[PDB]
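Enquirer: Protein chains in written order, with the entry's author numbering: chain F, 1 to 125; chain E, 1 to 119; chain A, 1 to 136, 156 to 210; chain C, 1 to 221; chain D, 15 to 38, 65 to 85; chain B, 12 to 218.
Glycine is no exception: its CB is placed at the ideal position from the N, C-alpha and C atoms.
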Amino acid sequence: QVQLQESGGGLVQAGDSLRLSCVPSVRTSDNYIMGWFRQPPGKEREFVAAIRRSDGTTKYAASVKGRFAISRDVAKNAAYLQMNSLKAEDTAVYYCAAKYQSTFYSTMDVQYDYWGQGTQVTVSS
Amino acid sequence: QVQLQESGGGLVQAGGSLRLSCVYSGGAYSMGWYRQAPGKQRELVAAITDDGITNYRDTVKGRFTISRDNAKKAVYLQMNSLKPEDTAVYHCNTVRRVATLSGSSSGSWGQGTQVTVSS
Amino acid sequence: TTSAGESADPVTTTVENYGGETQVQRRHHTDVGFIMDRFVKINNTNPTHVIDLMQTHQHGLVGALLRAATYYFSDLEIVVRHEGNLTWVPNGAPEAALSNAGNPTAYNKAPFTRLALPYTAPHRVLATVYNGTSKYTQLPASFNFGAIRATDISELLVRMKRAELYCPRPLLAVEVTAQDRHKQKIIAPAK
Amino acid sequence: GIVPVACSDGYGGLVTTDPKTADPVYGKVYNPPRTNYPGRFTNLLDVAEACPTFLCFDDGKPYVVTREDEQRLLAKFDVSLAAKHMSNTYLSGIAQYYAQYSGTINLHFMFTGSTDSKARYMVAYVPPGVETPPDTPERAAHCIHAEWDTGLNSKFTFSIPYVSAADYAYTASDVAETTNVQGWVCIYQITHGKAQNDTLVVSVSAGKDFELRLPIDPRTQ
Amino acid sequence: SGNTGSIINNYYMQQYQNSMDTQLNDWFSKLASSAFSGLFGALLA
Amino acid sequence: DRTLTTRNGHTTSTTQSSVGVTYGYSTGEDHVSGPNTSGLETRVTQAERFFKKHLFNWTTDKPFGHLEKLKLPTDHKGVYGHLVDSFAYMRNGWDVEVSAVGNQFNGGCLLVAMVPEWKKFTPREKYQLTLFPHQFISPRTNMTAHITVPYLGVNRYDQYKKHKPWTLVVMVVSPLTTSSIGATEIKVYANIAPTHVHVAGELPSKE
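#1: Between which two residues does the alpha helix (DSSP H) carrying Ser17 (chain E) extend?
#2: Specify the secondary structure class of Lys137 (chain B) as computed by DSSP and reduced to three states.
#3: Nearest-angstrom Cα distance between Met154 (chain B) and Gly63 (chain A)?
#4: Any residues in the segment 4-29 of chain A with a beta carbon nearer than 7 Å to a beta carbon of chain D? Which ones, in chain order?
#5: Between which two residues does the alpha helix (DSSP H) carrying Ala95 (chain C) extend?
#6: If you reduce the DSSP assignment to three classes, tell me which class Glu79 (chain B) lands in.
#7: So, under 8 Å CB-CB, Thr119 (chain F) and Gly42 (chain F) are touching, yes? Tell me the CB distance rounded to an integer number of Å.
#8: Do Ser7 (chain F) and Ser17 (chain F) have their CB atoms nearer than 7 Å?
#9: At a cut of 8 Å, does the segment 46-63 of chain E reach the segment 104-117 of chain E through at least three beta carbon pairs?
#10: For the segment 76-107 of chain F, which residues have a CB atom closer than 9 Å to at least one CB atom of chain A, in sequence order?
#11: From this set, E:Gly107, E:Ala14 and E:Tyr24, which residue's C-alpha is nearest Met79 (chain E)'s C-alpha?
#12: Given that a residue counts as buried once 16 or more other Cβ atoms are within 10 Å of its Cβ, and exposed if not, what is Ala88 (chain E)?
#13: Please name the residues in the segment 166-185 of chain A whose beta-carbon is closer than 7 Å to at least one beta-carbon of chain F, in chain order.
#14: From this set, C:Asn36, C:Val181 and C:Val65, which residue's C-alpha is nearest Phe57 (chain C)'s C-alpha?
#15: Looking at chain F, is there any beta carbon in it that lies within less than 7 Å of the beta carbon of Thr105 (chain A)?
#16: Using a Cβ-Cβ distance under 7 Å, would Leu38 (chain D) count as near chain H?
#17: Going by beta-carbon coordinates alone, are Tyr136 (chain A) and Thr150 (chain C) separated by less than 7 Å?
#18: Tell me where the beta strand (DSSP E) around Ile78 (chain A) begins and ends.
#19: Within a Cβ cutoff of 6 Å, which residues of the same chain sit near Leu15 (chain B), ignoring the five residues on either side of it in sequence?
#20: Excluding five sequence neighbours on each side, which residues of the same chain lie with their C-beta closer than 6 Å to the C-beta of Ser185 (chain B)?
#21: Would you check whether the ligand PLP has a heavy atom nearer than 6 Å to the C-beta of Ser24 (chain B)?
#22: Could you pull out every residue in the same chain whose Cβ sits closer than 6 Å to the Cβ of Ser74 (chain A), ignoring the five residues on either side in sequence?
#23: Please work out which residues of its chain come closer than 6 Å, Cβ to Cβ, to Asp78 (chain C), disregarding the five sequence neighbours upstream and downstream, and give them in chain order.
#24: Report the three-state DSSP secondary structure of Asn17 (chain A) (helix, strand or coil).
#25: What's the call for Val195 (chain A), buried or exposed, on a 16-neighbour Cβ count within 10 Å?
#26: Could you compute how far the alpha carbon of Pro84 (chain E) sits from the alpha carbon of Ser119 (chain E)?
#27: Please state if the CB of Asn108 (chain A) and the CB of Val50 (chain A) are separated by a distance shorter than 7 Å.
#28: Determine whether the Cβ of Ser106 (chain E) lies closer than 7 Å to any Cβ atom of chain C.
#29: Measuring only the C-alpha atoms, how far is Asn47 (chain B) from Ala211 (chain B)?
#30: Between C:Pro137, C:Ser8 and C:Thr132, which lies nearest to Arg72 (chain C) when the distance is taken from Cα to Cα?
#31: Excluding the 5 residues preceding and the 5 following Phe158 (chain C) in the sequence, name in chain order all residues of the same chain whose CB lies nearer than 6 Å to its CB.
#32: Mark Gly89 (chain B) as exposed unless 16 or more other C-beta atoms lie within 10 angstroms of its C-beta, in which case mark it buried.
#33: Given that a residue counts as buried once 16 or more other Cβ atoms are within 10 Å of its Cβ, and exposed if not, what is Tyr188 (chain C)?
#34: May I ask you to verify whether the segment 200-215 of chain C touches the segment 20-35 of chain A, counting CB pairs closer than 8 Å and requiring at least 3?
#35: So, using beta-carbon positions, are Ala97 (chain A) and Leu190 (chain A) closer together than 7 Å?
#36: Along the chain, where does the beta strand (DSSP E) containing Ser73 (chain D) start, and where does it finish?
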C-alpha cells in the first residue's frame, strides 16, 4: 500500500544538529500520524516523537523533550524531525512510521502500520 | 457651577476659638465644611440643610457649631475648644444627604482658608 | 452580433448566427444547493473548536465556491471523531458552557458522530468578507455556527444544508506558468 | 427471506437533548388527580411579564434617593441582562440560561415619599455610539425619553425599545471590552420640592414582544 | 432539494431537522434570461 | 437618444453621452421596516442629493490594473454628515455617476464598479472585476458611467462609523492613449447621491 522514503541521516559529533525527513509514496486523504522510532545498538526499538497530520499535535519521549522538534509540511506532504544538541547516547537507527488506522492522542505511540527502512545516525564525541 | 469664597482662618493657640465664613452665589443647596488634614484624605466635618437641620462628625461633635444666613448668602462655622489635631485647610461647598454626611466630589474648590492651631 | 460595449448589458450570441443549432442543456450539477451539499474537511481542530466555515480550505470544492460569494445562509451537518463526550453550544454562548451536559452532548459511539445543527447566528445572513469592525483579515466573532468540545478531536467534517449564496466574487484557477495550457496527468487504465 | 437493513454509521449514539423517547418497563399506573391545581405556569416569560422584581443600586438598595447637590443623575446602567443593577432580577436569572434575546424591557418607578414632598423625574434611552453617557438632562433630552412628576398615581412604567443592527442580541457581555453593545438607561432628577430623603423604587419586567432564544447551561457545576 | 435521494418522508418533523424561515428573487437568473441575442442592423443571408 | 437627466432632490445632472443606467443586484430596496428597529425608524428626504468627489487623474503612464477606490459613506459635510453623527443606525443605497472628460480623439477604457464588502484584490483577481455592477468609460463613446445599487449587509441597519458595505472602484483597463489633437490628461470625478435614507436611534448632543 504505502511506502515511506526517509532522508537526511548521516554522521555528526556532539553538539551539532541533524534533520530527518520522511515522505509517503501515496497522498491519500487520511489522518495518518508520522512518527519516529529509534533502535540503539544492542537494544530494542523505542518511540521518539510523533505528529498528527490534521493539526500539529506532537507527542514526545521523556528522553528528548526540549531538544527534538517535529513538524509537517501540508503542501509537500512531508514530516521533519529536527534533532538538536545531540548526545553521544543519541547514536541509533532511526525509523519512521505511519499509523493510519486510528489518530487519537492517547494512543499516538503504540501501534504503527508502515515502517520503511531505517536510517543510520551515529554521533561522535 | 458656584463661585464661593472663604475667610476667617488663621493661627491660634490650644483652647482658642475661631469663626470661619463662606459666601456663595448659586441657589440654596445644603452646604458643609470639609478639611484636608496634612497627609490625610479630605473629610467632611459638619453639614447644614436648607434653613434647618445640622449634623456633625463624631470627633467634632459638641465643640463646633455651624450656622446659615440665607439673606446674606453666607455660612459660618464657629470652632471652640480647639485641639492640635484640627489643623488643616477648611474648604466649603455643597453636600448631599447631610444625614449620612455624604460629601460631593462634584467640581472645583476654592482654597481660601488655612488654620494652624499651636501647642 | 454587434452591440454597445460600454453599456455592460449581457449579450448571448448563438451558433444559429451562422446556421448552427443550440442544443438542450442540463445544469443539475452546477446547482448551488446541489454542489455545496457534500462533506468537506476542516484540518485545524482543537480540544475546543468554534465552527467557522471560513476555516475550510480555500482551494477545495466547497471552500473555494464559498469564497466566491459575499453572503450566504445555511444549516449544517458535522461528522466529528472524538474521545469521550462531545458538547455543542450555540452561537453566543459563554465558553464555560461547554463543560456541562445540559447542552447537546453526544456520548461517543464506535466509529464517529454525525449530527445536524441549525443556523443560530443573530444575523439574517453570514459573510465571507467584512469591510470594518464590530468592537469598540478578521470577520466579526458572531460569524460562526457554535462550538464543540471533546478531550481530543481527530477530524471534523461539515456539510451545508439548504445553502443560499449571494453577490458573487472572483473564483480563480491554477495559473499557467509558460505552457500553452495547463497539462496534468489524467486517470487511465494500466498496461 | 427477511428485510435487509443498513446499520448506518454516525447514527445511534445518545444525545442529551434528542427528540426521541425510551421504552417503558412498568405499565398501567394511574396518578392521583390534580385537577385545577392553583398557580400553574407553562411559560417562563408569563411569570417574567406579570411579576416584576427589584433593581440593585449602590449599597444594594432597590431605590435611588434624591440628592441635595448640583448633580441630577440618579442612576445609570447598561442595557444588558448581565448588568450590575439587574444581577438580582428574575428576568436576569432566566436570561442567564439562554444565548440570545430580543424585544421590550419594561422599567417601573414607584415613588415612596410623603404627601408633602413633590418631585419630577426623567428617564432616557441612550443607544450606542457615544463613548460616555450624558450626565445632564439638558443633554440627554435629545435621546428617547419621558418625564413624569409625583401625584395620586405613584407608579410609572417606561418601556425600553429594542433598537440594534442584528435581529437578536447576546444576553451576555463578551469580555472586558468596554462600551456595552446596547445603550445605557439614565435616570434624572429634573427637580424636587422638600424631598430630602425620599426614594424612588425601580423594578423591571419583560415586555410584550420579549423573547429568549437558545437554551444553554453556562454555570460552573 | 439538492443532493437528497430518498423517496420516503423523513422520520423527524420539519421543526427539528432544520431551522424555520420567517418572512416580512433570483437576480442572476433574470439577468441571464434578459440577455440580448439575434443581431443588430440589417441582415443579408 | 443618448441624453439622460437624473434628478435627486433639488439637484439635477444632465449628460449627453449617456450609455444607460446599470442596476446592481436589485431594482429597488427591500423592506426598510424590520423587527430589529422596533417601529422607531424614520426617513430623511433632505439628505438624498448629490455631492462631488475627486477620484484620480487618468494619465498615460498608468498600466492595466491600476485601481482606485472610494469607500461609501465618505466624509460628508452636509445634511448626510449630521445624520451619520446624530443617529446610531442608518441605512441607504447609492446612485453613483462617474465622469472622465477628455475628447473623442483619445483612446482607452476604464472600469467603474461597485464592490460590496471591499477587500484588496490580487493582480490575478482584477481580471474578474466585472462580476460586480459595472460600466466602462471609453473616450471613444461616452464620458459618463451611471450605476444604482441597493442597501445590503448582514444587518438590516448599519453603524457607518464601524462598517462600510459599498465601495466605488475605478480600474484602468486599457491605458490612455493620446495624440497631438487629443487631451493629454483626464481627471475623474464622482457625483454620488444616497437613496432611501432611513435612520434610527437618536443620540445625545455634545454641546
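Expert: So, to answer that:
#1: Counting along the chain, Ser17 (chain E) falls outside any alpha helix (DSSP H), though it belongs to the beta strand (DSSP E) covering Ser17 to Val23.
#2: helix
#3: 40 Å
#4: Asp9, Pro10, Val11, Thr12, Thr13 and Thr14
#5: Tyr90 to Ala95
#6: strand
#7: Between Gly42 (chain F) and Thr119 (chain F) the Cβ distance is about 18 Å, and since that is not below 8 Å, they are no contact.
#8: no
#9: no
#10: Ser102, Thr103, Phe104, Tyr105 and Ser106
#11: E:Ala14
#12: buried
#13: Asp171, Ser173 and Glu174
#14: C:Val65
#15: no
#16: Judged by its chain identifiers, the structure shown contains no chain H, and its protein chains are F, E, A, C, D and B.
#17: no
#18: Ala69 to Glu83
#19: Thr26 and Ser29
#20: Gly119 and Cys120
#21: Inclusion of the ligand PLP in the displayed structure is not the case, the ligand content being empty and no account of it being possible.
#22: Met179 and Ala182
#23: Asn180 and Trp184
#24: helix
#25: exposed
#26: 6 Å
#27: no
#28: yes
#29: 10 Å
#30: C:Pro137
#31: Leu107, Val123 and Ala146
#32: exposed
#33: buried
#34: no
#35: no
#36: Not the beta strand (DSSP E): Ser73 (chain D) falls in the alpha helix (DSSP H), residues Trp67 to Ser73.
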